[PDB]
Amino acid sequence: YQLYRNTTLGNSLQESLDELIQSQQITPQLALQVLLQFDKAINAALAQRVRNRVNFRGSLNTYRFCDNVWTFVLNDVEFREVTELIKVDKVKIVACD
Amino acid sequence: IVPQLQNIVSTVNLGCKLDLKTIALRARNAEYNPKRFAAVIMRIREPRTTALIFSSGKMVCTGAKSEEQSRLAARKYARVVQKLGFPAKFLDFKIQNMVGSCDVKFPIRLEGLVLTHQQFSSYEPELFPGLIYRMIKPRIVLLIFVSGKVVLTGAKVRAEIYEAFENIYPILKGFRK
Amino acid sequence: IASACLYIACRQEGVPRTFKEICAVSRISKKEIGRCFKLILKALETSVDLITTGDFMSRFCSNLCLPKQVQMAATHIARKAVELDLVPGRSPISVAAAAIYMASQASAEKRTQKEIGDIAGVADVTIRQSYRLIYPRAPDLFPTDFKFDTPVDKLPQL
Amino acid sequence: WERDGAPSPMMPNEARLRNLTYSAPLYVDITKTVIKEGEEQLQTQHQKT
Amino acid sequence: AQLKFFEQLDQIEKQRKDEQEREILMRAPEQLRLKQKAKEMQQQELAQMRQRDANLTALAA
Amino acid sequence: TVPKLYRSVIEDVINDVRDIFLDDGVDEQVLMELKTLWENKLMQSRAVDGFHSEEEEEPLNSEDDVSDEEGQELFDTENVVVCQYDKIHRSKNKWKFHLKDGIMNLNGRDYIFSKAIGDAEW
């Protein structure tokens, strides 16, 4: 899934690549090959890099189910994980199966 | 006792071919999953209503609790659809089914009714707890539970729900515990 | 259809067997049997009969090997309860099992609700609820020809 | 087995009067194991069949 | 660098073999091809579920 | 415990793509430029500290105004949540969410969960 490319980590990577492409220091096609490697690497790290669980509540606005991916947008929603609690009045949730 | 309407299901034709995927991406509160069902489910908060907007341009609206509320909610859905930009028309806002509920306020003996009215009434304890008294002269299916709540379903117009309850009221009054 | 024909014949013989029982011998869901049943009633245009608790007093008490006196006591308890409509809700089998329970609890042949529940198939809470409905009249529901093994006062609560 | 499915022991005299047959039911214990080498040998038994 | 052009001609040859593949599909596999297309459409258009976030980010970044 | 995971992931990814860069005909200097470009953007953003940084019937105009603002949904700075779903459920207007493996950014802070359970009325 080329899902995690528009994240801080993924975008900083693309920007770095574009420069190298711009200066012909680094070029495309190769760039695509690097991104492909990134997909495998980020996916692999997520599924087996550990994790911690919790439970919470919310209010809704729009929803979307396309290509087995849910995209929600909640309003006035606060989520608490373990000790920490985070308030929010606009949160977007993208979820893959 | 006066029965109170609980659901109005209506069909209104928008008049033109609609691309379902485009509607789902831009409209708010809109779900479209092709595998489970073939229509966009759209709802609105101001008048509670869940509407399936079909691909060929036929729209079915459900969840409204009165006639005027259903026409207004369908008018609302048509405009939500128009503002996207598809050509839009409003045609034949016709009510299909109205479900109404009421309480006689007295305990009722279902078993007795089956004995003297086996022709129009069918009751099986295992399948469902309540007798169904399908009535022919006013076409309505009335479900009577033992406690006394009667739910009337299938009436295309407001008068039928009221007329059937008045017609079934003497029979229940006779079998009153 | 075969299974539905079977349920009907038992009723036609005045000795219905529960769908739960009928399910035991078939793959068909109770719902599909009930739906097919309705269709047959409509198909063959024929009426049916209402169930009675006593029709199942025999085999269940038999399955518990309960003596006729308990069996018969239960039947009265059940019979009296329905005539008084003490339980205008619970299924008559559920009502019957609690009567059987009450009866068994009125004899040395006491059994746990779960065992009875296991035999009848009903939920153990459903008997407990049905029991709660019949318990107010536990003493007077018994037949006049009975010999307590436990006082009605000493009848357990649940 | 009576007409409505309630069992009762038959005495040898009723067998003569009602043209019955004097017999006794027969049971057995069967055990069933599935062997698919599916990383598990699943066995189960149905006793008194 | 002439080897890359030879490889592109070989890829055009691979695109051919695919037309014979179509003839084999017609004689008989079509369901499997449809399932593969459905799996692709999921991945391709879900990277689109992903990219709305990208346009919105580049808007303020 | 979050900057740590990120370092961890960046290291693993960088190490794991080295051969690919090499197989594609690339100088190790480019790899280091990548790491630098990458690390630097986060420092510039300043969302947290990093080790690297420190270094009639026909017209529908009769209907006047219902359909709320679509543009409200997108801010580009809105708390965004990347996670996986196990089960999403709905009854009438009651939704229940069963989520897992999620990275949250709430109020500016970063959080993570292996499982998240939520409730909302539409």
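All chain B residue numbers match Swiss-Prot; in order, they span 161-337.
According to its header, the structure was obtained by electron microscopy, 4.5 Å.
Every residue, even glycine, has its Cβ placed from backbone N, Cα and C.
Over in Swiss-Prot, the protein carries these features:
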- B:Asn167, B:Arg203, B:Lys218, B:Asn257, B:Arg294: DNA binding site (BINDING)
- B:165-241: repeat '1' (REPEAT)
- B:255-332: repeat '2' (REPEAT)
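Between the listed binding-site residues, namely B:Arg203, B:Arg294, the fewest other CB atoms within 10 angstroms of a CB are found at B:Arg294. DSSP classifies B:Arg203 (DNA binding site) as strand under the three-state reduction. DSSP assignment over the repeat '2' (B:255-332) gives 22 helix, 28 strand, 28 coil. According to its DSSP assignment, B:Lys218 (DNA binding site) is in a strand.
Counting every protein chain shown, the Cβ of B:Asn167 (DNA binding site) has 15 other Cβ atoms within 10 Å. In this structure, B:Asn167 (DNA binding site) is part of a beta strand by DSSP.
Checking the binding-site residues B:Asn167, B:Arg203, B:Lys218, B:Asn257, B:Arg294 against chain F with a Cβ-Cβ cut-off under 8 Å leaves B:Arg203, in sequence order. Among the residues B:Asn167, B:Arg203, B:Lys218, B:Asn257, B:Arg294 said to bind DNA, no two Cα atoms are farther apart than 33 Å. There are 13 other CB atoms within 10 A of the CB of B:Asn257 (DNA binding site), with all protein chains counted.
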